[PDB]
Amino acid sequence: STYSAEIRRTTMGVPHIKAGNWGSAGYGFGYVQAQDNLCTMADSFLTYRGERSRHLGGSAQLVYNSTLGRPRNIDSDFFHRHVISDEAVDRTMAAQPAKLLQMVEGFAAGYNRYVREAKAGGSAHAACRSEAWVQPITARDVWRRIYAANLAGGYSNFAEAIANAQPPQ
């Protein structure tokens, strides 16, 4: 009925998540990751959802370098929407065991938890905590990122070219 996770931190702030099941493990993991890297992650989910241009402009480049390189937002948005389609997400999620489905749903909930905390106040993440693109995500959003990680050896390297594949006029 509930997610519950104990978060132990040691030297260098290394988090040790203890949970009773997989869903709660994802909850704790999602929390600590956001707690430490909210701005990067928030920006990242814009990418996979293909929602960069609406916030940051179409002609601007990816802020962060990645397996995707740093194409223009507009091309990146098209790529992700085209290749990481609702269908691709469906097929990905349909092949997963229940524990991983639960774990990702927990991950999202945990990530969303911190978003609430950052919005409410705190001196942490001053750089992005009050931006519109710092917002709740869904499990499918996480699955999109997971699918994206797979494409590093293929599609990712042809993002702009895939986004601009058009027939003769």
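Note that residue numbering begins at 1 and tracks the sequence as displayed.
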{"property": "Residue range whose averaged C-alpha B-factor is higher in the record, 140-148 or 121-129", "result": "121-129"}
{"property": "Residue with highest C-alpha B-factor in the PDB entry, from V32, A60, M103, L46", "result": "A60"}
{"property": "Record-listed C-alpha B factor of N112: chain third", "result": "middle"}
{"property": "Chain-relative CA temperature factor third for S156", "result": "middle"}
{"property": "Chain thirds of CA B-factor: placement of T92", "result": "highest"}
{"property": "Third assignment of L68 from its chain's C-alpha B-factors", "result": "highest"}
{"property": "Ranked against its chain, the third holding the CA B-factor of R81", "result": "middle"}
